[PDB]
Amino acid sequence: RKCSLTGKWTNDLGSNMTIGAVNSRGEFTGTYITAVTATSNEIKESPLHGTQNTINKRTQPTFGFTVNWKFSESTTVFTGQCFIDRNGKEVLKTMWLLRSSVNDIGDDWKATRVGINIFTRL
């Protein structure tokens, strides 16, 4: 199969994201609803934007996107690869950086968390 980004996905936390169509330059838009937050705020649905790499028209492309959170001053980016898994299902295997806002450039050292996120189609 070719692995496509377009569709509704979910992860183990129960966070969901929807990615729209991917255009000829590899650009896509979507929305992300996170299950969990580092804020003390009400979570809202937040937009994301990114690109899939189309060099050599790989069936399992890499891609990246940015989630522009609407209830926090933070930003997360994700990057990964759209695989066909051993069981034939599409899966997105990604890593992320969550950048918090700090007040002072001397506090920049602690502003970035890292992690993984694995998505399956919902």
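A residue's number is simply how far along the shown sequence it sits, counting from 1.
Asks: Can you tell me whether 109-117 has a higher mean C-alpha B factor than 9-17 in this record, or the other way round?
Replies: Looking at the record's C-alpha B-factors, the answer is 9-17.
Asks: Averaging CA B factors per stretch from the PDB record, which one is higher: 54-62 or 76-84?
Replies: Here the higher of the two C-alpha B-factor means belongs to 54-62.
Asks: Looking at the C-alpha B-factor of residue 38, is it in the lowest, middle or highest third of its chain?
Replies: Answer is highest: the recorded C-alpha B-factor places it there.
Asks: Relative to the other modelled residues in the chain, which third contains the C-alpha temperature factor of residue 70: lowest, middle or highest?
Replies: Its C-alpha B-factor belongs to the highest third of this chain's values.
Asks: Split into thirds by Cα B-factor across the chain's modelled residues, where does residue 44 land: lowest, middle or highest?
Replies: According to the entry, residue 44 has a C-alpha B-factor in the chain's highest third.
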